[PDB]
Amino acid sequence: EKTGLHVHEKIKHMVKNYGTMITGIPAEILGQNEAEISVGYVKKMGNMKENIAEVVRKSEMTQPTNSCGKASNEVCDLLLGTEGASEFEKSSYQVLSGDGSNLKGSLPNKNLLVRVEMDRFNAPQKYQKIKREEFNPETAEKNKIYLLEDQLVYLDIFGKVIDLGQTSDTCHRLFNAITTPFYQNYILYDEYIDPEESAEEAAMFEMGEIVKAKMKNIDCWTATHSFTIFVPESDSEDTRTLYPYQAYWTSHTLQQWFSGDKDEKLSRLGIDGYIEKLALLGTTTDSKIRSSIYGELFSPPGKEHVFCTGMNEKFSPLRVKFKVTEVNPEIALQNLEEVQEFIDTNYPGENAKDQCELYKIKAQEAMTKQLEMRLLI
Amino acid sequence: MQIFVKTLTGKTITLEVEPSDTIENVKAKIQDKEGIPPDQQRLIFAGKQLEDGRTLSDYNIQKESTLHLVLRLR
Amino acid sequence: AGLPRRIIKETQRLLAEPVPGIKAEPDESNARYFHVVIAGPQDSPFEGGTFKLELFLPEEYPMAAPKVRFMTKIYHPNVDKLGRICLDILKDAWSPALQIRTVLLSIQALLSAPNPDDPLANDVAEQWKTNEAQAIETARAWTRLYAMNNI
């Protein structure tokens, strides 16, 4: 009698209730470390105890993480354990099949944990014609196209020069077709430029269609999002659904994710239904539906129709990468129960709200004591 | 050349870099070391946030420096 | 210069097919500068006000984001003391597929959907999150105080 739904149940209850506390950092360390980073916010005149008080009160050290990756990291070290997850780090991610195949097939009827990473295509959208005489790869702007008199290169994120397979005769033409001075340093995929207007514009159009072509065989990928999904052992093809666990930068915490029961709402999609949506993210070339689906899956509960609109329209194409492994209910529920010991031992209280309010207070005190120390001269 | 990054948890982690490493690079360094994407991290140094188009020498930090990794923002 | 076509055509499309509740004109001198009046949205504490903004296209415009400043005084937690707004993109930066009209629309939306959990003016955000109804009351007062009788 130690289930897969017993680990979902227990980790969800515990995140919901103790927030940042599931990490099991003492409040005294939060306090000191926050004091350290905030020493400089304290006013320098008046009575220092009050000035310190003012900084300590505005703090939010106890509010849970926000980084989608630090959240998924700490899910990992619960469900799997320190050494557990450290050697799940190793496993390389498998990019998702056009249709969803590899994931479905990578989901036995054990107690498994997929960790996803999601990449955005950070391809260049700036270009600059320039003389070769004045180039300097460690001096110029990275992730950009350079058009020399006789060669067409990409400077990449790390500052490597990557040649774009063009003859020097095509380069010569392009360089010299582009004369009007504010298009010397400008953008590749402008929609207001017309090939059937100038030779310049035909050039700018053409160079752009080169770059677009080359670029679909270059690792421009950078990581954007992180989450986990939890797939408890079922006794059926229907009595089986999945539970995704995320946070998001400047949006929501895992705590928040669970309290609006998004995990549950996405488990009511079905497993094929989830992966089919998730698979479409990486394959559609329509921004409006890339945005829709992104919201559906990754927004905080309730803001699904407004998370990816206007300014947060998703324009980069995305690449979902997954990696799987299994979870021994017995090692996980020991990880969790070992956290609940720590809490009840050091932050005793009979409501949980009370146990947190004690944590915060102990944090605040620690912080106050460090600042009091630091600023006595 | 080689720097430190302290989190609020006090988890210091150390990276090997180059003075002409862009700040967008250190975040990927961190990604490889911690599995946190760069879009879900924020680095500050001596008070000042660091922007993505700049380098460590442009912030004037080399050898045994600590950058604070910040994993909560609003 | 004053080109490219992009700026030219954006400026035409804005004058030709404007955004309901938003008027956005180029300055005679400086075609990269824009006087903007946004009406207080219906069903919001700013209903019946008009708010003046300046929108500047930085000289790298198409890929730098335009800078926006509220001229009119406004009691809103996403506009600082100097009338600056958060234009920040979420796990991304400004693409050139984002045009002036998207930012204008976005400010508009922000007036309808004030977000105190991303504060730019802490006193007012802090009052918006606890005494929302007193926040909104003062918001309506300010729009009467500074955003009525403006043309």
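All residue numbers here begin at 1 and follow the chain in the order shown.
We read in the header that X-ray crystallography, 2.8 Å was used to get this structure.
Backbone N, Cα and C atoms are what each Cβ position is placed from, and that goes for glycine too.
According to Swiss-Prot, of the candidate residues C:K52, C:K91, the site noted as ISG15 cross-link is C:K91.
When the residues C:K23, C:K81, C:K129 are compared with Swiss-Prot, the one annotated as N6-acetyllysine is C:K81. It is C:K81, among the recorded positions C:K81, C:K91, whose Cβ has the fewest other Cβ atoms within 10 Å in the structure shown.
If you draw a 10 Å sphere around the CB of C:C86 (active site, glycyl thioester intermediate), it holds 13 other CB atoms from the protein chains shown. Rounded to a whole value, the Cα-Cα separation of C:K81 (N6-acetyllysine) and C:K91 (ISG15 cross-link) is 26 Å. Listed recorded positions (C:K81, C:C86, C:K91) with a CB under 8 Å from any chain A CB: C:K91.
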